[PDB]
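Visitor:
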Amino acid sequence: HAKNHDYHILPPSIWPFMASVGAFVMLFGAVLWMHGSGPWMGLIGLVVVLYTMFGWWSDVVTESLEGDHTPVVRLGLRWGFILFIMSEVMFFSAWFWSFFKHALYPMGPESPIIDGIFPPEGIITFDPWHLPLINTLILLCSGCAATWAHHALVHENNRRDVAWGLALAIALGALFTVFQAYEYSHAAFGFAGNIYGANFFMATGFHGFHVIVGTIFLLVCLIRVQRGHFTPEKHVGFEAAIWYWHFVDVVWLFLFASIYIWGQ
Amino acid sequence: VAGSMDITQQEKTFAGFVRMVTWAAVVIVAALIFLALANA
Amino acid sequence: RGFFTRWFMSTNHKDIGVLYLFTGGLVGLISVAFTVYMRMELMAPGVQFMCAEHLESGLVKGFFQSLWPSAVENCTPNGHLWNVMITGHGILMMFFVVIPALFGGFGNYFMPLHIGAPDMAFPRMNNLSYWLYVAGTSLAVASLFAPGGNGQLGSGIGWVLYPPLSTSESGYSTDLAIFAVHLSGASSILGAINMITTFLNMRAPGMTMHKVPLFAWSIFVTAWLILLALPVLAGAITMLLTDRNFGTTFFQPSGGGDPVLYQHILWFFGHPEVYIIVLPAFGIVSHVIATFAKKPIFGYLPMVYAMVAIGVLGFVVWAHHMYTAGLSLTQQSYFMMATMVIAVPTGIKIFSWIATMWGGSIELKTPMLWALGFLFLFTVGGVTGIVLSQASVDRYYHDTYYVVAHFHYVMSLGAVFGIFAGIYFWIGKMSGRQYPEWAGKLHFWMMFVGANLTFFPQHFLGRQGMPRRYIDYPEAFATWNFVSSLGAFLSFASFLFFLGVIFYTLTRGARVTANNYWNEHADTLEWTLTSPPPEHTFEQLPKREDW
Amino acid sequence: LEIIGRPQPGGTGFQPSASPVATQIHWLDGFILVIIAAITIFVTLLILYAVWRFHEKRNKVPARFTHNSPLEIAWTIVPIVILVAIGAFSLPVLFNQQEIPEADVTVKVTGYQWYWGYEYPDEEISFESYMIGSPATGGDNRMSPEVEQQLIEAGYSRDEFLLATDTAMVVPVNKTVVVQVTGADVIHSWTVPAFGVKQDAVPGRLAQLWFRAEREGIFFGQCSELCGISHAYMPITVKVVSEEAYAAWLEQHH
Ligand code: HEA
Ligand code: HEA
Ligand SMILES: CCCCCCCCCCCCCCCCCC(=O)OC[C@H](COP(=O)(O)OCCN)OC(=O)CCCCCCCCCCCCCCCCC
Ligand SMILES: CCCCCCCCCCCCCCCCCC(=O)OC[C@H](COP(=O)(O)OCCN)OC(=O)CCCCCCCCCCCCCCCCC
Ligand SMILES: CCCCCCCCCCCCO[C@H]1O[C@H](CO)[C@@H](O[C@H]2O[C@H](CO)[C@@H](O)[C@H](O)[C@H]2O)[C@H](O)[C@H]1O
Ligand SMILES: [Ca+2]
Ligand SMILES: [Cu+]
Ligand SMILES: [Cu+]
Ligand SMILES: [Cu+]
Ligand SMILES: [Mg+2]
């Protein structure tokens, strides 16, 4: 009743409360799963959360189709995602720190005085050109496929290449994690009991979790192109997809030139 | 009158925020490249 | 419009902020109760309350037995409980009490008002930050009643979860605490993202950032620290989680780990963390001193840029928590000097507040007392920091109650005074009922007397060599430990009295007439709105002439 | 036999010096303590006076000023000088206590959950220092009739309960002991307040301190990093004796 501002005001919503009940149970049940009892309490949580996330984000489309995403709101949603991406970079930095330390000054039997050998004695690394470069061409190509999709909708309004490009990107994205899940099978070293395995499998591990996320995210954007949901002016969800995906590429390119090239 | 609102102050602030964060990010990458070229 | 839809589904920031305030009080009281029991044992040497014998009774039983002493002959010292209490105290306070009441509680309420915003940028995600915070607090409480170390309940690691002790302490209680901290970060990061966007995108027309109220700036800087620090802590504790439960060797040396690398990564979060606590108090104190000294806050910009300066430098001084851990002399040198740089802008702000009082007409009402009290404690606390900054002297002082005294003066009492200053200042403006000025001024004075006789005696114990996390000490300390445990007991009564004062105020309280109930110089946008402000504030955006 | 490194029942200053580094830590703290004692007194009086001189009763109308470009630079240059002052005397004391010299004695100290371990690599000696109230020395990590008699045994009082250990690291006066420290279980920390040395025992790191013992007597120190249930109950005793007496011990312990 009687307002002059464009800012999005929201009706009350269960999902904040419902997600945090599920998330508490997810993480409590995971603790118990990690200590011998049944995964069931954990996966109840995962389902309640994944159900809540779904509900949540379905309304952020409903509202955008409802004409709530005004100029400012859309702009604000762009910062929100960038600030998020920045804190994603800060998360990964803790793992590049952990790697670069145990690479520059690896632990030797006379540790702070005289450092040890890197890569650890008897750790056979991956050939940085055989397979990892296949995955670096898988991702760099998928990053082009998703950018042609952006440039299509934004600067051509060409809905065919938007859909086509995204399908190719989602394909190569899921292909990366498939090809990477082979590099894990064919790993010349263990996960437990050595730092190299600890630094390697956790750093590429989280990146792979971020690729899985970025591919699911791109698929939600394609599913929406199937329903013809974006316009050249209004496409914040599609915008953040290509940002997030390009962020994943930067992370891999670092990993490649850190763990594989420089750290072989 | 939704859609009408004047954004000039905010769109300016966003260009600064982008210009700022990009600048800040290279300084830090440079600072670590210095620190590595100094005391690695 | 029902108790559930209003508080379990709110998207109105004013309510979510109120939720934060009240939960912060609740978890506070829990954690303050931990400290009254802690000083109870430390009252005089020998263990009397934390006896292994009490374990043979059940949970409820052995509890109420522990609340009442014993003879040194009938008491086997259970150090584990002691460690879980000190850990319980710290973790609750640093992750679930003080930041939530300042950043979550006041920050969510007033920062949108100060900048003339109708809501927050992402007010549905806002609610998620609160309920994730409750989820963390649950997991945190669960950690106290869980398969823990040395065959008992609870994790007795210390609020910073140092390894290999953390990684190898038995049970799963620690893993809960890990995930509790995970969610407390997830809360904060979302809250921060909201605050940053809100501040940058939703200001009033004509309000440039150099026209933004100081509290809003203080919250804005706090949000940036949170945005960048907490994700680093996530990695830190995830590495503890995989060492504990997936047998990696991030910090296990037999596999090639370095327990020192944890401290780097943790304290890379750990200092920003301590500036995330006090920075909102800087703002609140700025607003209060300017109001009740009837004088525009001395040196606006500088003040801000000081906050920016502190905020930037806060990341690159982290290793002065590690002077003893075995750091290269080159390193120890750098962190000694950088730590000294921070001291300058953190000092300067103390002067600006005095300069605001200089010249003005000072109404010594309750909020002004608390802000004045803060000034004292923040100096007393800050100067002992200069001592510790010099690595040479740190060797003697490190891991002694001298540090405990330092960080209580500057951080605990600093932020607590910040919180109370906020509460009395804004209670009418949030409830519609004012507090009784006699009770407030009493609560302040009890706290100020008690809390000084609590932690200043601890300075001595540190110089006398009493180390941290000791359930028992040589008899040759007990003089000061009794002085402290007295003050701490008195302090507990003050916080109890306060809980009454607000109970009186929220029910039997003097309903507030006007929009502004303080004086003309409480001149920011919240005092333009109704005393309990409308459920939808700034439907009509305020025109430039409104500030 | 003169118990020196020790708390006094309600003391406020440091523990007695016993080394050149512990003299300089006593000195630096005093120098700083003047400067901090000034700054708090100066801030307290500025606060008190302003509250009196500028109370709404004692002064009716507030002032209008907000900035003072001269005085504000005064507010900055002074603490930078104050810190350059303290810094100039503190960086020397830091290098001195961290640059290790030639060792007269070398000792390796190892942190074990709730006891210590000393090695003299040269003189071929090894032993473990448990607290006199230990469960390895019968006690429940508490005082009891039995536990007091044992304190007398080693030449200690009921006073020294939580400080006195069943075996001591013994050292020659005016000889530079280089103490190397590592942890075995979790992180422990070796300190002797009288000697002015603290070094964390981190598993998997060879960390080093040094102290030149100037006086003779018994010195104490307790563990300074939370290490588990009995973190209070693993202290340090360093008996320092004359070179003649120490040469007699170095054959005995063999
Ligand atoms: C509220 C947060 C806060 C603030 C503001 C501070 C203000 C400072 N504090 Fe610290 N402190 C912590 C939260 C804070 N700190 C916490 C939580 C811990 C412990 C965690 C744990 O160990 O468990 C800690 C422990 C700590 C240590 C390590 C002790 C140890 O464990 O060995 C050191 C040493 O470098 C230190 C230095 C400082 C310095 C140099 C300043 C200075 O920047 C202060 C500025 C000076 C003042 C505020 C006094 C007023 C001065 C003026 C008005 C003019 C300025 C004068 C000069 C520059 C000479 N702090
Ligand atoms: C900033 C948060 C905070 C707060 C508020 C405090 C309030 C107090 N703490 Fe501090 N404490 C720490 C952060 C705090 N503490 C940390 C992080 C550690 C490290 C754990 C470790 O060593 O590993 C520590 C360790 C510590 C120890 C020693 C443990 C050991 O070394 O073995 C002791 C005992 O002397 C201590 C005494 C007190 C007392 C008596 C109070 C108070 O009870 C006294 C007076 C103050 C009040 C009564 C204010 C209470 C009010 C609030 C908290 C506001 C609540 C919210 C609202 C009203 C909205 N604390
Ligand atoms: C845009 C997306 C990009 C992808 C995201 C990844 C970005 C992160 C990349 C940089 C990561 C930092 C890596 C730093 C590792 C340095 C190695 C190290 O740990 O130093 C070791 C030192 C202690 O070693 P010590 O044992 O004492 O040495 C004894 C001598 N033998 O310990 C030290 O002294 C610490 C050295 C200082 C290191 C500080 C690290 C801070 C981490 C913040 C990085 C954030 C990057 C932000 C960039 C902007 C991005 C937009
Ligand atoms: C995508 C395509 C890829 C293409 C690649 C091209 C991009 C290149 C990027 C390279 C960056 C890699 C980062 C590696 C940095 C290594 C850091 C380092 O070497 O410093 C460690 C050093 C070691 O310590 P020390 O024991 O004293 O050494 C003695 C032995 N000589 O530590 C010291 O010197 C001790 C002094 C400590 C100083 C700490 C300084 C603070 C850290 C910097 C600030 C960062 C914090 C972020 C700030 C955010 C807030 C604004
Ligand atoms: C949800 C969040 C996701 C982020 C976390 C990422 C988790 C990534 C998990 C990686 C799983 C590691 O799996 C790992 O198991 C085995 C034992 O350690 C390894 O080792 C195996 O091959 C090696 C052959 O030389 C041998 O050393 C081992 O005897 C053999 O068991 C595998 O080669 C490796 O792939
Ligand atoms: Ca006791
Ligand atoms: Cu710090
Ligand atoms: Cu120990
Ligand atoms: Cu210990
Ligand atoms: Mg320590």
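Protein chains in written order, with the entry's author numbering: chain C, 3 to 266; chain D, 12 to 51; chain A, 14 to 560; chain B, 30 to 283. Even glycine gets a Cβ: it sits at the ideal position worked out from N, Cα and C.
(1) Which two residues bound the contiguous beta strand (DSSP E) that contains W219(B)?
(2) Let me check one thing: in DSSP terms, what residues is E148(B) bridge-paired to?
(3) Quick one: grab the DSSP three-state call for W131(C).
(4) Around ligand 5, what residues have a beta-carbon under 7 Å from a heavy atom of it, in chain order?
(5) Kindly say whether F28(D), judged by its beta-carbon, lies nearer than 8 Å to any beta-carbon of chain A.
(6) Quick one: Cα of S374(A) to Cα of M381(A), how far?
(7) Taking 7 Å as the cut-off, is the C-beta of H55(B) nearer than that to any heavy atom in ligand 9?
(8) Could you tell me whether the Cβ atoms of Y275(A) and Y175(A) are closer together than 8 Å?
(9) Relative to the C-alpha of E286(A), which candidate in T255(A), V301(A), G327(A), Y313(A) has its C-alpha closest?
(10) Take the Cβ of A243(C) as the centre, count every other Cβ of all protein chains shown within 10 Å, and call the residue buried at 16 or more, exposed below.
(11) Can you pull the DSSP bridge partners for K268(B)?
(12) What's the gap between the Cα of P36(B) and the Cα of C252(B)?
(13) At a CB-CB cut-off below 7 Å, which residues of chain B make contact with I115(C)?
(14) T206(C) CB to nearest chain D CB: under 8 Å?
(15) Mind listing the chain A neighbours of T24(D)? Cutoff is C-beta to C-beta under 8 Å, in chain order.
(16) With a threshold of 8 Å between beta-carbons, can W131(C) be considered close to chain A, or not?
(17) With a threshold of 8 Å, are at least 3 pairs of Cβ atoms found where one atom belongs to the region 161-171 of chain C and the other to the region 139-149 of chain C?
(18) Would you identify the three-state DSSP class for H334(A), choosing helix, strand or coil?
(19) Considering only heavy atoms of ligand 8, does any lie closer than 7 Å to the CB of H93(A)?
(20) When a residue counts only if its C-beta is closer than 7 Å to some heavy atom of ligand 7, which residues count, in chain order?
(21) Have a look at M106(A) and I209(A) and give me their C-alpha separation to the nearest angstrom.
(22) Closer than 7 Å between the C-beta and any heavy atom of ligand 6: which residues qualify, listed along the chain?
(23) Is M263(B) near ligand 8 - that is, is its Cβ less than 7 Å away from at least one heavy atom of it?
(24) At 7 Å on the CB atoms, spell out the chain B contacts of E112(C), in chain order.
(25) Which residues in the same chain as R216(A) place their Cβ atom closer than 8 Å to its Cβ, once the five residues preceding and following it in sequence are excluded?
(26) Would you mind sorting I440(A) into buried or exposed? The rule is 16 or more other CB atoms within 10 Å of its CB.
(27) How close, in whole Å, do the beta carbons of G522(A) and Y448(A) come, if the pair is a contact with beta carbons under 8 Å?
(28) To which residues does DSSP link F240(B) through a beta bridge?
(29) Counting only beta-carbon atoms, is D559(A) nearer than 8 Å to chain C?
(30) Is the region 188-205 of chain A touching the region 142-151 of chain A in the sense that three or more CB pairs, one from each, lie closer than 8 Å?
(31) Exposed or buried, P121(B), counting other C-beta atoms within 10 Å across all chains shown (16 or more means buried)?
(32) Does the distance between the C-beta of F508(A) and the nearest non-hydrogen atom of ligand 1 fall short of 7 Å?
(33) Check for me: the alpha helix (DSSP H) holding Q178(B) runs from which residue to which?
(34) Any heavy atom of ligand 2 within a distance shorter than 7 Å of the CB on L34(A)?
(35) Which residue from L388(A), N163(A), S507(A) puts its Cα closest to that of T69(B)?
(36) Determine which residues share a DSSP beta bridge with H84(B) and list them.
Guide: In terms of the structure at hand:
(1) 217-221
(2) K137(B), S155(B), per the DSSP bridge assignment.
(3) coil
(4) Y186(C), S187(C), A189(C), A190(C), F191(C), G192(C), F193(C), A194(C), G199(C), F203(C), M204(C), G207(C), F208(C), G210(C), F211(C)
(5) yes
(6) 12 Å
(7) no
(8) Cβ atoms of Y275(A) and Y175(A): closer than 8 Å.
(9) Checking every option, the nearest Cα to that of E286(A) belongs to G327(A).
(10) buried
(11) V199(B), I247(B)
(12) 15 Å
(13) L235
(14) no
(15) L213, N214, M222
(16) no
(17) With a cut-off of 8 Å, the region 139-149 of chain C and the region 161-171 of chain C count as touching, because enough Cβ pairs lie within range.
(18) The answer is helix: DSSP assigns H334(A) an H, G or I state.
(19) no
(20) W280(A), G283(A), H284(A), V287(A), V330(A), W331(A), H333(A), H334(A)
(21) Straight-line Cα distance between these residues: approximately 24 Å.
(22) Having a Cβ closer than 7 Å to some heavy atom of ligand 6 are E54(A), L55(A), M56(A), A57(A), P58(A), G59(A), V60(A), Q61(A), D485(A).
(23) yes
(24) Result: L235.
(25) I128, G129, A130, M222, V225
(26) buried
(27) At roughly 7 Å, the Cβ-Cβ gap stays under 8 Å, so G522(A) and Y448(A) are in contact.
(28) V206(B)
(29) no
(30) By the C-beta criterion, the region 142-151 of chain A is judged to be in contact with the region 188-205 of chain A, since at least 3 inter-stretch pairs fall below 8 Å.
(31) exposed
(32) no
(33) 174-182
(34) yes
(35) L388(A)
(36) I375(A).
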